[PDB]
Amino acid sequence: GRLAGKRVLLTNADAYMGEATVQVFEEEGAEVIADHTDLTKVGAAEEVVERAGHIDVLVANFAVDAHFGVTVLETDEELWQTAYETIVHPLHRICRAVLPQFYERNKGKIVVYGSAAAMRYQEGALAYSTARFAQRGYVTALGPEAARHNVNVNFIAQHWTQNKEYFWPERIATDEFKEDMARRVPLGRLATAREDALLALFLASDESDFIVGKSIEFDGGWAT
């Protein structure tokens, strides 16, 4: 097993990419703590880790409505703030909580399921895009700092990937979605959740200790 003997902490395990992570990571021998705690609440992250015990890998799995099609002028205070409360501030909270034990053992792995909208313009997703950009920046600024304690932190800039929040069955069925994907995605298809978790498995494994603070675009060529 490529994660044999590892204990993995997965945030919001029922949302976004959690289901495929559990399935892939367990079949590679990991013990996956599938947490369901709302990490927008101050203090919650410190407790999840406390109750978790020994963590080898943190899979920071956060998602929020992109509000596709909402314009800049329609991006009101609540919508803007909710993007940050939901995927930005919790990211630092939960990473801060795991790092002490990582630093104790001079070893650790963090994988962030982010978005290729943090790499390049995605139309109609303003507040959301800026929040993923901030996630991306967290990995860019933390990666090399944590690398000094032999901790890897990396960012999956995913897009066109099966999940409820962004590519739900109703959306991907329309003629309009299929024409737009064909124009914009060179590979011409969506990724499966499993393919996403296979990249994360690499980034969570000890096969990837030399990858630090990087954004790997998981997008079928979209941002190329």
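Residue indices: 1-based, along the sequence shown.
For this session: Can you let me know which of the two, 51-59 or 186-194, has the higher average C-alpha B-factor in the entry?
Result: Between 186-194 and 51-59, it is 51-59 that shows the higher mean C-alpha B-factor.
Exercise. Which has higher Cα B-factors on average according to the PDB entry: 75-83 or 127-135?
Worked result: The recorded data point to 75-83.
For this session: Check where residue 13 lands among this chain's C-alpha B-factors and tell me if it's the lowest, middle or highest third.
Result: Ranked within chain, residue 13 CA B lands in the highest tercile.
For this session: Tell me, lowest, middle or highest third: where does the Cα B factor of residue 44 rank within its chain?
Result: CA B-factor rank for residue 44: highest third.
Problem set entry | For residue 101, the third of its chain into which the C-alpha B factor falls | Its C-alpha B-factor belongs to the highest third of this chain's values.
Problem set entry | Chain-wide C-alpha B factor ranking for residue 5, given as lowest, middle or highest third | Highest third, going by the recorded CA B-factors of the chain.
Problem set entry | Assigned third (lowest, middle, highest) for the C-alpha B factor of residue 28 | For residue 28, whose C-alpha B-factor we compare with every modelled residue in the chain, the answer is the middle third.
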